[PDB]
Amino acid sequence: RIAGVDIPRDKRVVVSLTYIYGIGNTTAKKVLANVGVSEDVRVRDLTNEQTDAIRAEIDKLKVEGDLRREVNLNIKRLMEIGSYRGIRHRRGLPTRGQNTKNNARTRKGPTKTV
Amino acid sequence: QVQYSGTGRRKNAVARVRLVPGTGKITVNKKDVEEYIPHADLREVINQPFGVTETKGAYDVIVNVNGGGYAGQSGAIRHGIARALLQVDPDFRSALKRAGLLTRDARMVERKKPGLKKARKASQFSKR
Amino acid sequence: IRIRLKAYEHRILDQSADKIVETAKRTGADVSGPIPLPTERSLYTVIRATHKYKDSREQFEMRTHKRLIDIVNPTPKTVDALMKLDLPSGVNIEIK
Amino acid sequence: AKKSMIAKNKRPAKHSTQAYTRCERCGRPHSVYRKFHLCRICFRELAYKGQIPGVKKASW
Amino acid sequence: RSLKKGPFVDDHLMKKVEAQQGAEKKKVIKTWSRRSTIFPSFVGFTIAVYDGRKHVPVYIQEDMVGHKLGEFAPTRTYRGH
Amino acid sequence: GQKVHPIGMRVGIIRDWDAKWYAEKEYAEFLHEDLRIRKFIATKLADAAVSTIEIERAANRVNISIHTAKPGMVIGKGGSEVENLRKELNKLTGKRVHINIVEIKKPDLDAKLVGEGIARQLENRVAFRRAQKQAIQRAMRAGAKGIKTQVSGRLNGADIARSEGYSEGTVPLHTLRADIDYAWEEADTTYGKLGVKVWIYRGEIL
Amino acid sequence: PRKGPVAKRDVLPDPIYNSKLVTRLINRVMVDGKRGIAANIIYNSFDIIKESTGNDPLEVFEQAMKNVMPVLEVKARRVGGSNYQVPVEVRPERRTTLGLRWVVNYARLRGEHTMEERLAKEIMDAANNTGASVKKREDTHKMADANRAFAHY
RNA sequence: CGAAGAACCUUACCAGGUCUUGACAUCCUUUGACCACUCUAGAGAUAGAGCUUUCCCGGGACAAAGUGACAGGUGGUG
RNA sequence: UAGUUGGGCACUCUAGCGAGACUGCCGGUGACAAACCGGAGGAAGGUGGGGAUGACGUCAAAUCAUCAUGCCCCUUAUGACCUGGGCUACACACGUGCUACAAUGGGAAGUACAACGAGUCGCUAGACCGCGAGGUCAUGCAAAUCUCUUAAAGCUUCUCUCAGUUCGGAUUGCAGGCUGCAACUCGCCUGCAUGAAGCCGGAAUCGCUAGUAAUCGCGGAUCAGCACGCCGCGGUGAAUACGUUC
Ligand SMILES: [K+]
Ligand SMILES: [Mg+2]
Ligand SMILES: [Mg+2]
Ligand SMILES: [Mg+2]
Ligand SMILES: [Mg+2]
Ligand SMILES: [Mg+2]
Ligand SMILES: [Mg+2]
Ligand SMILES: [Mg+2]
Ligand SMILES: [Mg+2]
Ligand SMILES: [Zn+2]
């Protein structure tokens, strides 16, 4: 559709572009402002010229594939050099200096009562 | 010219009131009451005394309010009007004292206390 | 002149303010009454125990009372008497 | 270990963050009020004795 | 420093490294400064950092410049339960 | 249960705080100066019947008021003692000092000196019941409305600690309008420490 | 409590309809002291009732309360090795409390998009004897009649 | 919960590098000043020098040694 | 332009001195009692509401680590100094909290009403820059004079319309800001991007009877910097109590 994702149709433009891996509300509003359209229309009521301008600015911006490659290469770099911050990833632990005693389920995954 | 003053208080709020002959308007700090109190539930609370004693279309009201929130201020205005109507006519006291409007509501805020996380609330006791 | 008195005990503060007012009326000047500014209480809470007993506590209070005096028609007599005079150490005084 | 800790206090600190409060009567050192330079414990004692000006029991 | 000012580094470490101008790797240097940054000058040396109990070595490469020294000298020998 | 210190309970209502000065920025300096002064006097004049200290401050001056039952001892022969005292106090404070001695009337009703004497007797290994009853006699003769004592420690080299005291008359601690005095005094014996609590009920304020 | 009954503070009427049920229902549906939101919800719901029905919203609500208010509670009693229920003639205030409680709870349980709509539909269903609140009424009465044998207790 | 603030300090624990009338005291034996500061190093503690000795009014708190009496222990027994 | 300026303190407010409430009065019941019941009046009626206030002693309850202290123990070291590390780990279990799981709601805009309290190398107005956190200049204030401080919930609109969603916000990457010699172990905040679990929770169990619960924010102590905690403050503001079978 735009960058490899068939976005919704009953949704409005900003909130439907939020479903791209790299675009939130702020950048969506910035893009629609740079293009000069209405932010409160629904994408099943667009002119294809507006769609094309949207696609152009999105391609100018860094999105799904490049974004995954960039973040993952960063992670792989810090894992392969052997930093603490990458050992956290390699071990499945939190990374921002949190306490790993009574919490950290979002990295530990499921609990294992032992 | 003629003025019938009162001073009402309710829940950390104060209302300096003066009744003057008029039609039934209630100014509140250079603002209308239906703009100052957006709730229609409390303008009736204010106009209770005029419902007790038939004085509704008699007096415009002028108020200087301070402290509290909208409902404490409404009760303050209620109390102040009930006071000023005695300067007007003490014969209305026989009905105001049955309404309980001279009764200054002493329902004030309770202390917070140490060991308790709030006034009468306590932390969850665990037997073990 | 404006004089700010402040203390921890109104029972002494009032006596001292009366002393000031009487010295002023003696030296022949007009003064505002000693008008009271708001007290200020600094609260303090302390664990009533020495170790690990945390729910039982004790609340101390440092209240400061404070009075304000004006002097309208300062005679040199007035300005000299109200700078010669001494007071207890509980009260404290600041002029102008 | 104690009283060398008080020596460390009263000696000049290398850095401004290495300066830390201390009771001045007991060296607790936690629970200190800057207005008094006193632990809560000695504060309570001396307030009972009356040796702290202005303080008293509180209730409202 | 997360303030757009001097990228922090210790004076003695800077001094010894800059004295090591020929960039010989045998010129291995030690430090207790886990808090300093890394610079391009460091890129290619085998520095030994005090991890609380030992001087653990580490060889620097390009992928460490924005990082600290203590990140490559952990202090907790966790091995599972 | 645990009790509240009576003097602490009754500050403001019945008693004025003993450090009768005021300051904001030099508050802590003045207070710890007062404490150093009290410690120095307690160390020096332990032989004297020092009971109550008061300190006032006035613009680089330190007025002091010392209650004592043996003033002749503290003043010395027509002086010659307070001078050395204020010399040392000026050395400590770094400022000028003035002293007013007060002669304690009825020292057997002041709670601190009773405790000092009882603790000295107990250090001299006198019977604790004897000491308590004797002090109670002395006070209730001197004109008390009531008195109460409490000694607690290793009494007569015991293997177990306990607390034993007696009382004559009234000690309404929960009544604030009381002029109750209280005193703690510690005795350092070979077997350890003993604690002498005294509290005395004088006539009250209305 | 051990010391006998307690007399409760009186009820404040409603400003527009001059009723006590309305204000007490405001207090019921209220959450976190929000009389304004609760009252707006109720007045808009009764506006819907006025819209879809010519009868007075207050009269429709009276009819619903007549159709939901029970007459007989079940009260629990533990006779040694068996705890069982007992029918109980319900006091007239308890009747109204249970009525408002049932109405409001099953209303907010209803699966519509606004509490306004939920409450209005629930009240109309109750006035026509079709609602979950009326099911609850029927259940309590059927249990009272099924345990009617303990009239002596 | 002591903790009314675990980056250093705190911190009492661990590794390494250091000292032993001692970091903190009183009593003594110096013909008296020495703190502070600049550099060399050093992770720093610490030593090497220099800037310095100006102790103050026999006395007065401070700097050294030297003298051992002693200090010191958040070391146990609540 | 603004209580502004003049004037006045009248009302408020401040804070001292006082009054007031004591079954004090009316009737009923009661041993002619104490007392209870209601009533009147009064701001308030029955210890008005709350607090400080913790008897003999019990738990050989806790505290030798706040402090002091007997005895024992080390005293070329269990003492002392420095740096770095650790108290922040992580298969897991528990307690106390915060956020939530939504439309009584999310988001954008506008707008209204508090109190307590803190402030000198500290609170900082106003102006400018910055998406923002914040930065530059610079004024007032040792303070009812200035500031923190236009509080948030609330109210009126618009939009979202049932959805793991515009919910939820975790976690993670990137850029920055502050503090401070130094923010990796190990700080707080912001922006961008991702967008997990979670659709009201088993057995069981906790708090609360009125300005309470519930919810909403505000300040302060510690503090160079940092708390979802602690202490206090006020805003909005319920339901129920038949009764002692258990
Ligand atoms: K802070
Ligand atoms: Mg953390
Ligand atoms: Mg509250
Ligand atoms: Mg540390
Ligand atoms: Mg009592
Ligand atoms: Mg134990
Ligand atoms: Mg911990
Ligand atoms: Mg959201
Ligand atoms: Mg109760
Ligand atoms: Zn202390």
# chains A, B, ... in the order shown; residues from 1 in each chain; ligands from 1
$ closest_atom_pairs --of "range 24-74 of chain H" --to "range 57-75 of chain I" --cutoff "12 Å" --atoms "only C-alpha atoms (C1' of nucleotides)" --output "Markdown table"
| residue | atom | partner | partner_atom | distance |
| --- | --- | --- | --- | --- |
| H:70 | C1' | I:75 | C1' | 11.2 |
| H:71 | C1' | I:75 | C1' | 10.0 |
| H:72 | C1' | I:75 | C1' | 8.5 |
| H:73 | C1' | I:74 | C1' | 8.4 |
| H:74 | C1' | I:65 | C1' | 5.2 |
$ write_last_selection --atoms "C-alpha atoms (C1' of nucleotides)" --output "PDB file, in the first residue's frame"
ATOM      1  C1'   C H  70      46.908   4.923  76.347  1.00  0.00           C
ATOM      2  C1'   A H  71      43.880   5.647  72.181  1.00  0.00           C
ATOM      3  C1'   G H  72      40.738   3.129  68.849  1.00  0.00           C
ATOM      4  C1'   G H  73      36.961  -0.982  67.361  1.00  0.00           C
ATOM      5  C1'   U H  74      29.119   0.228  63.307  1.00  0.00           C
TER       6        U H  74
END
$ select_by_dssp --residues "chain C" --states "alpha helix (DSSP H)" --output "list in words"
residues 10, 11, 12, 13, 14, 15, 16, 17, 18, 19, 20, 21, 22, 23, 24, 25, 26, 27, 76, 77, 78, 79, 80, 81, 82, 83 and 84 of chain C
$ residues_near_ligand --ligand "ligand 1" --cutoff "12 Å" --atoms "only C-alpha atoms (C1' of nucleotides) and all ligand atoms" --output "PDB file with N, CA, C and O atoms (P, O5', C5', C4', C3', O3' and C1' of nucleotides), in the first residue's frame"
ATOM      1  P     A H   4      13.912   6.729  54.219  1.00  0.00           P
ATOM      2  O5'   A H   4      14.692   8.110  54.361  1.00  0.00           O
ATOM      3  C5'   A H   4      13.980   9.340  54.434  1.00  0.00           C
ATOM      4  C4'   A H   4      14.830  10.472  54.960  1.00  0.00           C
ATOM      5  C3'   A H   4      15.526  10.199  56.286  1.00  0.00           C
ATOM      6  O3'   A H   4      16.722  10.972  56.377  1.00  0.00           O
ATOM      7  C1'   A H   4      14.038  11.978  56.566  1.00  0.00           C
ATOM      8  P     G H   5      18.111  10.415  55.795  1.00  0.00           P
ATOM      9  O5'   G H   5      17.899  10.448  54.224  1.00  0.00           O
ATOM     10  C5'   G H   5      18.998  10.301  53.342  1.00  0.00           C
ATOM     11  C4'   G H   5      18.624   9.500  52.124  1.00  0.00           C
ATOM     12  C3'   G H   5      19.751   9.303  51.114  1.00  0.00           C
ATOM     13  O3'   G H   5      19.623   8.025  50.502  1.00  0.00           O
ATOM     14  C1'   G H   5      17.948  10.405  50.075  1.00  0.00           C
TER      15        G H   5
ATOM     16  P     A I 118       7.670  26.651  56.681  1.00  0.00           P
ATOM     17  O5'   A I 118       8.367  26.445  55.267  1.00  0.00           O
ATOM     18  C5'   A I 118       9.247  25.358  55.033  1.00  0.00           C
ATOM     19  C4'   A I 118      10.063  25.574  53.784  1.00  0.00           C
ATOM     20  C3'   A I 118      10.893  26.844  53.754  1.00  0.00           C
ATOM     21  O3'   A I 118      12.111  26.733  54.461  1.00  0.00           O
ATOM     22  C1'   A I 118       9.699  26.667  51.742  1.00  0.00           C
ATOM     23  P     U I 179      23.881  22.037  35.515  1.00  0.00           P
ATOM     24  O5'   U I 179      23.943  21.158  36.834  1.00  0.00           O
ATOM     25  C5'   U I 179      23.010  21.376  37.879  1.00  0.00           C
ATOM     26  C4'   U I 179      23.035  20.259  38.884  1.00  0.00           C
ATOM     27  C3'   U I 179      24.412  19.804  39.315  1.00  0.00           C
ATOM     28  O3'   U I 179      24.984  20.662  40.280  1.00  0.00           O
ATOM     29  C1'   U I 179      23.060  17.923  38.865  1.00  0.00           C
ATOM     30  P     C I 188      16.394   6.795  37.813  1.00  0.00           P
ATOM     31  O5'   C I 188      15.725   8.220  37.616  1.00  0.00           O
ATOM     32  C5'   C I 188      15.231   8.924  38.740  1.00  0.00           C
ATOM     33  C4'   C I 188      15.068  10.395  38.461  1.00  0.00           C
ATOM     34  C3'   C I 188      14.328  10.756  37.190  1.00  0.00           C
ATOM     35  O3'   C I 188      12.923  10.636  37.309  1.00  0.00           O
ATOM     36  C1'   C I 188      16.278  12.057  37.338  1.00  0.00           C
ATOM     37  P     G I 219       4.157  21.278  44.066  1.00  0.00           P
ATOM     38  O5'   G I 219       4.594  21.586  45.559  1.00  0.00           O
ATOM     39  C5'   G I 219       4.635  22.928  46.001  1.00  0.00           C
ATOM     40  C4'   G I 219       4.631  23.036  47.502  1.00  0.00           C
ATOM     41  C3'   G I 219       5.810  22.413  48.222  1.00  0.00           C
ATOM     42  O3'   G I 219       6.965  23.230  48.187  1.00  0.00           O
ATOM     43  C1'   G I 219       3.821  21.772  49.297  1.00  0.00           C
ATOM     44  P     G I 220       8.430  22.573  48.139  1.00  0.00           P
ATOM     45  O5'   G I 220       8.687  22.124  49.638  1.00  0.00           O
ATOM     46  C5'   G I 220       8.491  23.037  50.703  1.00  0.00           C
ATOM     47  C4'   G I 220       8.437  22.323  52.026  1.00  0.00           C
ATOM     48  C3'   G I 220       9.634  21.445  52.333  1.00  0.00           C
ATOM     49  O3'   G I 220      10.706  22.180  52.891  1.00  0.00           O
ATOM     50  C1'   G I 220       7.638  20.244  52.749  1.00  0.00           C
ATOM     51  P     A I 221      12.172  21.541  52.942  1.00  0.00           P
ATOM     52  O5'   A I 221      12.000  20.309  53.932  1.00  0.00           O
ATOM     53  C5'   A I 221      12.075  20.470  55.339  1.00  0.00           C
ATOM     54  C4'   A I 221      12.462  19.177  56.002  1.00  0.00           C
ATOM     55  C3'   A I 221      13.701  18.524  55.421  1.00  0.00           C
ATOM     56  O3'   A I 221      14.873  19.004  56.050  1.00  0.00           O
ATOM     57  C1'   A I 221      11.945  16.931  55.586  1.00  0.00           C
ATOM     58  P     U I 222      16.112  19.533  55.181  1.00  0.00           P
ATOM     59  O5'   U I 222      16.873  18.197  54.788  1.00  0.00           O
ATOM     60  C5'   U I 222      17.285  17.302  55.806  1.00  0.00           C
ATOM     61  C4'   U I 222      17.295  15.869  55.341  1.00  0.00           C
ATOM     62  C3'   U I 222      18.190  15.547  54.163  1.00  0.00           C
ATOM     63  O3'   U I 222      19.552  15.419  54.533  1.00  0.00           O
ATOM     64  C1'   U I 222      16.096  14.438  53.940  1.00  0.00           C
ATOM     65  P     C I 223      20.624  16.543  54.124  1.00  0.00           P
ATOM     66  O5'   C I 223      20.511  16.631  52.541  1.00  0.00           O
ATOM     67  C5'   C I 223      20.951  15.557  51.730  1.00  0.00           C
ATOM     68  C4'   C I 223      20.492  15.713  50.303  1.00  0.00           C
ATOM     69  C3'   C I 223      20.853  17.022  49.626  1.00  0.00           C
ATOM     70  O3'   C I 223      22.169  17.019  49.097  1.00  0.00           O
ATOM     71  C1'   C I 223      18.574  16.521  49.230  1.00  0.00           C
ATOM     72  P     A I 224      23.348  17.893  49.753  1.00  0.00           P
ATOM     73  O5'   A I 224      23.950  18.694  48.520  1.00  0.00           O
ATOM     74  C5'   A I 224      23.353  19.904  48.082  1.00  0.00           C
ATOM     75  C4'   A I 224      23.573  20.130  46.608  1.00  0.00           C
ATOM     76  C3'   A I 224      22.536  19.512  45.683  1.00  0.00           C
ATOM     77  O3'   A I 224      21.399  20.344  45.531  1.00  0.00           O
ATOM     78  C1'   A I 224      24.718  19.008  44.898  1.00  0.00           C
ATOM     79  P     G I 225      20.000  19.759  45.001  1.00  0.00           P
ATOM     80  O5'   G I 225      20.414  18.693  43.894  1.00  0.00           O
ATOM     81  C5'   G I 225      20.295  18.984  42.511  1.00  0.00           C
ATOM     82  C4'   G I 225      20.230  17.721  41.694  1.00  0.00           C
ATOM     83  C3'   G I 225      19.143  16.743  42.101  1.00  0.00           C
ATOM     84  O3'   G I 225      17.894  17.064  41.517  1.00  0.00           O
ATOM     85  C1'   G I 225      21.197  15.596  41.886  1.00  0.00           C
ATOM     86  P     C I 226      16.535  16.979  42.367  1.00  0.00           P
ATOM     87  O5'   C I 226      16.186  15.431  42.349  1.00  0.00           O
ATOM     88  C5'   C I 226      16.057  14.755  41.113  1.00  0.00           C
ATOM     89  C4'   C I 226      16.026  13.260  41.288  1.00  0.00           C
ATOM     90  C3'   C I 226      15.103  12.729  42.366  1.00  0.00           C
ATOM     91  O3'   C I 226      13.752  12.669  41.941  1.00  0.00           O
ATOM     92  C1'   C I 226      17.200  11.654  42.516  1.00  0.00           C
ATOM     93  P     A I 227      12.553  12.935  42.975  1.00  0.00           P
ATOM     94  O5'   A I 227      12.418  11.556  43.754  1.00  0.00           O
ATOM     95  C5'   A I 227      12.294  10.343  43.035  1.00  0.00           C
ATOM     96  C4'   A I 227      11.458   9.333  43.778  1.00  0.00           C
ATOM     97  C3'   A I 227      10.107   9.816  44.280  1.00  0.00           C
ATOM     98  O3'   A I 227       9.116   9.715  43.270  1.00  0.00           O
ATOM     99  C1'   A I 227      11.218   8.444  45.910  1.00  0.00           C
TER     100        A I 227
END
$ residues_around --residues "residue 78 in chain E" --least-positions-apart "3" --cutoff "9 Å" --atoms "only C-alpha atoms (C1' of nucleotides)" --output "PDB file with N, CA, C and O atoms (P, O5', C5', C4', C3', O3' and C1' of nucleotides), in the first residue's frame"
ATOM      1  N   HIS E  81      21.878 -20.610  38.367  1.00  0.00           N
ATOM      2  CA  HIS E  81      21.633 -21.360  39.592  1.00  0.00           C
ATOM      3  C   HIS E  81      21.512 -22.847  39.278  1.00  0.00           C
ATOM      4  O   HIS E  81      20.491 -23.472  39.561  1.00  0.00           O
TER       5      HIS E  81
ATOM      6  P     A I  89      19.469  -6.038  41.967  1.00  0.00           P
ATOM      7  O5'   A I  89      20.786  -6.854  41.611  1.00  0.00           O
ATOM      8  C5'   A I  89      21.641  -6.414  40.566  1.00  0.00           C
ATOM      9  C4'   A I  89      22.493  -7.530  40.020  1.00  0.00           C
ATOM     10  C3'   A I  89      21.705  -8.692  39.430  1.00  0.00           C
ATOM     11  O3'   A I  89      22.397  -9.287  38.337  1.00  0.00           O
ATOM     12  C1'   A I  89      22.925  -9.426  41.331  1.00  0.00           C
ATOM     13  P     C I  90      21.565  -9.747  37.046  1.00  0.00           P
ATOM     14  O5'   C I  90      20.650 -10.940  37.570  1.00  0.00           O
ATOM     15  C5'   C I  90      21.098 -12.283  37.468  1.00  0.00           C
ATOM     16  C4'   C I  90      20.057 -13.288  37.896  1.00  0.00           C
ATOM     17  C3'   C I  90      18.629 -13.050  37.413  1.00  0.00           C
ATOM     18  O3'   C I  90      17.998 -14.306  37.156  1.00  0.00           O
ATOM     19  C1'   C I  90      18.656 -13.190  39.756  1.00  0.00           C
TER      20        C I  90
END
$ residues_near_ligand --ligand "ligand 7" --cutoff "12 Å" --atoms "only C-alpha atoms (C1' of nucleotides) and all ligand atoms" --output "VMD selection string"
(chain A and resid 99) or (chain H and resid 1 to 3 6) or (chain I and resid 86 to 88)
$ write_last_selection --atoms "C-alpha atoms (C1' of nucleotides)" --output "PDB file, in the first residue's frame"
ATOM      1  CA  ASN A  99      16.460  -4.230  39.376  1.00  0.00           C
TER       2      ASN A  99
ATOM      3  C1'   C H   1      11.170  -1.049  58.623  1.00  0.00           C
ATOM      4  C1'   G H   2      16.501   1.550  61.222  1.00  0.00           C
ATOM      5  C1'   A H   3      17.481   4.368  55.714  1.00  0.00           C
ATOM      6  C1'   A H   6      23.303   3.245  48.514  1.00  0.00           C
TER       7        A H   6
ATOM      8  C1'   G I  86      29.315  -4.201  46.290  1.00  0.00           C
ATOM      9  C1'   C I  87      24.713  -2.806  49.504  1.00  0.00           C
ATOM     10  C1'   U I  88      21.191  -1.831  42.692  1.00  0.00           C
TER      11        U I  88
END
$ closest_atom_pairs --of "chain C" --to "chain F" --cutoff "8 Å" --atoms "only C-alpha atoms" --output "tab-separated table"
residue	atom	partner	partner_atom	distance
C:7	CA	F:22	CA	7.3
C:89	CA	F:21	CA	4.6
C:90	CA	F:21	CA	4.7
C:91	CA	F:22	CA	6.8
C:92	CA	F:22	CA	6.7
$ residues_near_ligand --ligand "ligand 2" --cutoff "9 Å" --atoms "only C-alpha atoms (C1' of nucleotides) and all ligand atoms" --output "PDB file with N, CA and C atoms (P, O5', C5', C4', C3', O3' and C1' of nucleotides), in the first residue's frame"
ATOM      1  N   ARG A  96      18.538  -0.840  31.221  1.00  0.00           N
ATOM      2  CA  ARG A  96      18.661   0.544  31.661  1.00  0.00           C
ATOM      3  C   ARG A  96      19.009   0.662  33.138  1.00  0.00           C
ATOM      4  N   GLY A  97      19.690  -0.330  33.699  1.00  0.00           N
ATOM      5  CA  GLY A  97      20.045  -0.298  35.105  1.00  0.00           C
ATOM      6  C   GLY A  97      18.887  -0.556  36.043  1.00  0.00           C
ATOM      7  N   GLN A  98      17.971  -1.439  35.665  1.00  0.00           N
ATOM      8  CA  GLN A  98      16.842  -1.776  36.511  1.00  0.00           C
ATOM      9  C   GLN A  98      17.217  -2.884  37.488  1.00  0.00           C
ATOM     10  N   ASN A  99      16.303  -3.153  38.414  1.00  0.00           N
ATOM     11  CA  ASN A  99      16.460  -4.230  39.376  1.00  0.00           C
ATOM     12  C   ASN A  99      15.838  -5.501  38.818  1.00  0.00           C
TER      13      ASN A  99
ATOM     14  P     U I  88      20.242  -3.625  48.004  1.00  0.00           P
ATOM     15  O5'   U I  88      20.528  -2.992  46.573  1.00  0.00           O
ATOM     16  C5'   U I  88      21.029  -3.800  45.515  1.00  0.00           C
ATOM     17  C4'   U I  88      20.404  -3.449  44.190  1.00  0.00           C
ATOM     18  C3'   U I  88      21.001  -4.169  42.981  1.00  0.00           C
ATOM     19  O3'   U I  88      19.979  -4.516  42.048  1.00  0.00           O
ATOM     20  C1'   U I  88      21.191  -1.831  42.692  1.00  0.00           C
ATOM     21  P     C I 186      23.296  -1.766  37.995  1.00  0.00           P
ATOM     22  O5'   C I 186      23.161  -0.202  37.723  1.00  0.00           O
ATOM     23  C5'   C I 186      22.016   0.510  38.173  1.00  0.00           C
ATOM     24  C4'   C I 186      22.286   1.985  38.338  1.00  0.00           C
ATOM     25  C3'   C I 186      22.987   2.658  37.165  1.00  0.00           C
ATOM     26  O3'   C I 186      22.534   3.999  37.027  1.00  0.00           O
ATOM     27  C1'   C I 186      24.299   2.900  39.097  1.00  0.00           C
ATOM     28  P     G I 187      21.323   4.349  36.039  1.00  0.00           P
ATOM     29  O5'   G I 187      20.545   5.499  36.809  1.00  0.00           O
ATOM     30  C5'   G I 187      20.149   5.305  38.153  1.00  0.00           C
ATOM     31  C4'   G I 187      19.969   6.605  38.888  1.00  0.00           C
ATOM     32  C3'   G I 187      18.860   7.501  38.383  1.00  0.00           C
ATOM     33  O3'   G I 187      17.588   7.090  38.845  1.00  0.00           O
ATOM     34  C1'   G I 187      20.803   8.786  38.728  1.00  0.00           C
TER      35        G I 187
END
$ residues_near_ligand --ligand "ligand 5" --cutoff "10 Å" --atoms "only C-alpha atoms (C1' of nucleotides) and all ligand atoms" --output "number ranges by chain"
F: 174-175; I: 47, 53
$ write_last_selection --atoms "N, CA and C atoms (P, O5', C5', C4', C3', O3' and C1' of nucleotides)" --output "PDB file, in the first residue's frame"
ATOM      1  N   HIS F 174      -0.659  12.684  83.780  1.00  0.00           N
ATOM      2  CA  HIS F 174      -1.594  13.034  82.721  1.00  0.00           C
ATOM      3  C   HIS F 174      -2.236  14.393  82.937  1.00  0.00           C
ATOM      4  N   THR F 175      -2.142  14.947  84.140  1.00  0.00           N
ATOM      5  CA  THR F 175      -2.639  16.288  84.401  1.00  0.00           C
ATOM      6  C   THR F 175      -1.531  17.284  84.094  1.00  0.00           C
TER       7      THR F 175
ATOM      8  P     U I  47     -21.757  12.949  76.751  1.00  0.00           P
ATOM      9  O5'   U I  47     -20.248  13.407  76.556  1.00  0.00           O
ATOM     10  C5'   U I  47     -19.791  14.622  77.124  1.00  0.00           C
ATOM     11  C4'   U I  47     -18.368  14.921  76.734  1.00  0.00           C
ATOM     12  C3'   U I  47     -18.103  15.119  75.250  1.00  0.00           C
ATOM     13  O3'   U I  47     -18.459  16.422  74.807  1.00  0.00           O
ATOM     14  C1'   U I  47     -16.461  13.680  76.170  1.00  0.00           C
ATOM     15  P     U I  53       1.367  11.461  72.611  1.00  0.00           P
ATOM     16  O5'   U I  53       0.482  11.618  73.924  1.00  0.00           O
ATOM     17  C5'   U I  53       0.962  12.356  75.034  1.00  0.00           C
ATOM     18  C4'   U I  53      -0.106  12.594  76.068  1.00  0.00           C
ATOM     19  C3'   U I  53      -0.469  11.397  76.918  1.00  0.00           C
ATOM     20  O3'   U I  53       0.473  11.158  77.944  1.00  0.00           O
ATOM     21  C1'   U I  53      -2.436  12.485  76.211  1.00  0.00           C
TER      22        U I  53
END
$ residues_around --residues "residue 66 in chain E" --least-positions-apart "5" --cutoff "12 Å" --atoms "only C-alpha atoms (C1' of nucleotides)" --output "ChimeraX atom specification"
/A:78,83 /E:1-2,7-9,36-40,42-43,60-61,71 /I:184
$ residues_near_ligand --ligand "ligand 4" --cutoff "8 Å" --atoms "only C-alpha atoms (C1' of nucleotides) and all ligand atoms" --output "ChimeraX atom specification"
/H:6-11 /I:86
$ residues_around --residues "residue 67 in chain H" --least-positions-apart "2" --cutoff "10 Å" --atoms "only C-alpha atoms (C1' of nucleotides)" --output "ChimeraX atom specification"
/H:21,28-29,69
$ residues_around --residues "residue 142 in chain I" --least-positions-apart "3" --cutoff "10 Å" --atoms "only C-alpha atoms (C1' of nucleotides)" --output "ChimeraX atom specification"
/F:24-25 /I:119-120
$ atom_distance --atom1 "CA of residue 199 in chain F" --atom2 "CA of residue 183 in chain F"
6.3 Å
$ residues_near_ligand --ligand "ligand 9" --cutoff "10 Å" --atoms "only C-alpha atoms (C1' of nucleotides) and all ligand atoms" --output "number ranges by chain"
B: 120; I: 208-209, 212
$ residues_around --residues "residue 18 in chain H" --least-positions-apart "2" --cutoff "12 Å" --atoms "only C-alpha atoms (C1' of nucleotides)" --output "list in words"
residues 16, 20, 44, 45, 46 and 47 of chain H; 80, 81, 82 and 83 of chain I
$ residues_near_ligand --ligand "ligand 3" --cutoff "12 Å" --atoms "only C-alpha atoms (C1' of nucleotides) and all ligand atoms" --output "list in words"
residues 108, 109, 110, 111, 112, 113, 117, 118, 119, 120 and 121 of chain B; 115, 211, 212, 213, 214, 215, 216, 217, 218, 232, 233, 234, 235, 236 and 237 of chain I
$ residues_near_ligand --ligand "ligand 10" --cutoff "10 Å" --atoms "only C-alpha atoms (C1' of nucleotides) and all ligand atoms" --output "JSON, numbers by chain"
{"D": [22, 23, 24, 25, 26, 27, 28, 29, 30, 31, 32, 37, 38, 39, 40, 41, 42, 43, 44, 45, 46], "I": [66, 67]}
